[PDB]
Ligand SMILES: CCCCCCCCCCCCCCCC(=O)O
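In the entry's author numbering, the protein residues as written are 1 to 91.
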């Protein structure tokens with residue numbers, strides 16, 4: 001999934017993880033799309049590395065916001081918009 005997408009999608013929610021008046025539902029949804037489009041470790045990797053990339057290239061990512069997204073979005077998974085994910089294997 002062409003990285004820039006990931007970022008261009010995550011970006012408003014990123015505002016949320018740093019201190020945004022989010023999320024608007026959009027995240028949960030767009031997120032699932034990347035989680036539905038990406039299926040096995042290999043597609044996810046590129047994307048995770050990019051979403052992570054931004055998590056890293058933010059100010060003070062607030063763990064909650066991030067974990068929260070799968071937690072409330074209901075995307076039953078190991079990763080959630082962070083700098084330190086299991087992007088590695090994802091299994
Ligand atoms: C494992 C690859 C990660 C990206 C694709 C899987 C979905 C990531 C789950 C977190 C979604 C983040 C929502 C937008 C960013 C944010 O909440 O600030």
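C-beta: ideal position from N, C-alpha, C; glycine also.
{"Check": "Please list, in chain order, all residues of the same chain as residue 14 whose beta carbon is under 7 Å from its beta carbon, the five residues on each side excluded.", "Outcome": "54 and 58"}
{"Check": "Using the C-alpha atoms, what's the distance from residue 83 back to residue 30?", "Outcome": "19 Å"}
{"Check": "Quick check on residue 44: buried or exposed, where buried means 16 or more other Cβ atoms within 10 Å of its Cβ?", "Outcome": "buried"}
{"Check": "Identify, in the order they occur along the chain, each residue of the same chain with its Cβ nearer than 6 Å to the Cβ of residue 9, setting aside the five sequence neighbours on each side.", "Outcome": "30"}
{"Check": "Is residue 91 a contact residue of ligand 1, with contact defined as CB to any heavy atom under 7 Å?", "Outcome": "no"}
{"Check": "Pick helix, strand or coil for residue 64, following the three-state DSSP scheme.", "Outcome": "helix"}
{"Check": "Verify whether the separation of the beta carbon atoms of residue 81 and residue 41 is less than 8 Å.", "Outcome": "no"}
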